[PDB]
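Only one chain comes next, encoded as structure tokens, the form deposited in one PDB entry.
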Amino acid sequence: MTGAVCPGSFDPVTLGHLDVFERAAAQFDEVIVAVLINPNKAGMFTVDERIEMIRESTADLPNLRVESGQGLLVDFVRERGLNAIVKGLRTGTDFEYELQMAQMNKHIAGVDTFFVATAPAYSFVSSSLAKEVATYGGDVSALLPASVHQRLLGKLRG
């Protein structure tokens, strides 16, 4: 009956993210991807756009589901009967802040955080950098799920 939550803003989800999802799904009975949107800064995609892109990318993971959340991440995790978070590490990760959030989350609700390093091929993509490169005409297609890539072109052509 094990389980973990993979949280993030996922604007959009990248192959770095998907790699983390897959490993979480391989090692825990149940995985929930929590789409948690920053309230002070709306992004490129709407919440249900973000959710759809993740669902499309994770169709081959039977024990994974995708839900949006508001408020504390630890409440999202516990309200679903779990108490484990899985986060990815990549080139550019602010690991010090990850550690700060991990300790805070453990303190306030007893939720553990597990970190896993993303695959080297996907270690340098992030949502913001992929969007920036794409805005300026660069090819980030090898770093994003195919479904995301087309939607991203749409949002930019607009």
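Only residues modelled in both forms are compared. Residue positions are given as counts along the sequence shown, with the first one as 1. By rigid core we mean the largest C-alpha set that fits within 1.5 Å across both forms.
Undergrad: Check this for me: in at least a third of the other entries compared, is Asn40 absent while its neighbours are modelled?
TA: Across the other compared entries, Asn40 is absent from at least a third.
Undergrad: Please work out which of 2-10 and 148-156 has the higher mean CA B-factor as recorded in the PDB entry.
TA: The deposited B-factors put 148-156 ahead on the C-alpha mean.
Undergrad: Which has the higher mean CA temperature factor in the PDB entry, 25-33 or 94-102?
TA: Taking the mean B-factor of the alpha carbons in each, 25-33 is higher.
Undergrad: Among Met44, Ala119, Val111, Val125, single out the one with the highest C-alpha B factor in the record, please.
TA: In this record, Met44 carries the highest C-alpha B-factor of the candidates.
Undergrad: Can you tell me whether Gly71 has a C-alpha B-factor in the lowest, middle or highest third compared with the other modelled residues of the same chain?
TA: For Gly71, the deposited C-alpha B-factor lands in the highest third.
This protein has a second form, the form deposited in another entry, left out of what is shown; the following refers to that one.
Undergrad: With the two forms aligned on their rigid core, point out which item of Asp29, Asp94, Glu132, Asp60 shifts its C-alpha by 2 Å or more between the shown form and the other one.
TA: Meeting the 2 Å or more criterion is only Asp94.
Undergrad: Would you say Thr46 moves its Cα by 2 Å or more between the shown form and the other one, aligning on the core?
TA: For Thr46, whose C-alpha is compared between the shown form and the other one after core superposition, the shift is less than 2 Å.
Undergrad: Look at the CA atoms of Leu152 and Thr91: state whether they lie closer or farther apart in the other entry than in this form, given a difference of 3 Å or more.
TA: Between the C-alphas of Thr91 and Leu152, the gap widens in the other entry (3 Å or more compared with this form).
Undergrad: Would you mind telling me if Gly92 and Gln100 are closer or farther apart in the other entry than in the shown form, C-alpha to C-alpha, with a 3 Å or larger change?
TA: Between the C-alphas of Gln100 and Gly92, the gap narrows in the other entry (3 Å or more compared with this form).
Undergrad: Fitted on the core, where are the consecutive stretches (at least 3 residues) whose C-alpha atoms all shift 2 Å or more between the shown form and the other one?
TA: Shifted runs of three or more residues, which all move 2 Å or more: 38-41, 91-95.
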